[PDB]
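To begin, one chain is listed below as structure tokens, in the form deposited in one PDB entry.
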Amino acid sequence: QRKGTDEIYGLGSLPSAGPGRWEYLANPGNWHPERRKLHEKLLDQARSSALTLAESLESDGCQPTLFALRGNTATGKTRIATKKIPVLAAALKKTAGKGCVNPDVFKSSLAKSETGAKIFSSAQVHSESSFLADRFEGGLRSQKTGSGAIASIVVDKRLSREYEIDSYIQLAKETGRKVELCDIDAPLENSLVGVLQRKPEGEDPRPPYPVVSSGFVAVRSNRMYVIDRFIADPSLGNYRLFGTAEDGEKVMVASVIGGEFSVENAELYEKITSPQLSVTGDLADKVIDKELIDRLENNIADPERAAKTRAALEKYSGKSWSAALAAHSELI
């Protein structure tokens, strides 16, 4: 499936390229009216969920905050948010997880188009979901609660690169929000198996290999830059980095809290700030075979997790990681 929904639903002579196109469609008026109405309806839904989050967080005494959950695809970000940000966990409970700024939250809705069934692929809807997340984020920038206080918001994106991290820091500083950043890491292979466990009937994304590997490289290479921002400015907010131990458990690795910097696991810190690259290394070509499945299973003690890992992997046995994720990603 090829044509993007931006192309399908855009009106008229679409600028080609990237920027040009981006600006043109950033105007809600350049869409067919039914599509414009669907946009409005999704943004109203997202907005209502984000306000529910913000009123929960303020009622629990949280000053205006940008909670930023950094880290690569399928690293266990949601589980860390839930367990290690108790105020936000309480809020997300009220919205069943909705309300965060993240293009992927729009994809299931755009891919169904109120038709009752998914008829576009994730890639086909991505540009449009990105335009909606940007509009959603723009309307939250100065959004207030019933007390007149700036609303707290949650940015759930990879946040790998310096330009992105700088942009969100600037947004926070311009709107008087603290930044509460939890940065979550897992080894690249853990993200790959995490992606193959995600089911097409779920709403979690299933990207192909290059997305996950290039995401890994970018998140690890730029990590210490993000930590340096907190080390340099105690007033910015707090930073915690969680990494994955050999048995799959998340552990605290480094933190800057109330200005105080500490390294809770120096071995992991050494490891997870580097992409562990070589001149020709290729995990993309590694074939999923019995021993790889057993090698991953050997470090997974929880029965439900182990069974789901195993079944996802067996489905692509004999394929390279690159072939397995490419096939997995192509499912609707």
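Note that residue numbering begins at 1 and tracks the sequence as displayed. Residues that one form lacks are left out of the comparison. What we label the rigid core is the largest C-alpha set whose atoms superpose within 1.5 Å from one form to the other.
Same protein, other form: the form deposited in another entry, not shown, and the subject of what follows.
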item: Position with Cα shift of 2 Å or more, rigid core superposed between the shown form and the other one, options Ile300, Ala26, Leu292, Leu43; value: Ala26
item: Is_shifted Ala17 between the shown form and the other one (CA, 2 Å cut-off, rigid core); value: yes
item: Moved runs of 3+ residues, each with a C-alpha displacement of 2 angstroms or more between the shown form and the other one on the rigid core; value: 16 to 19, 26 to 29
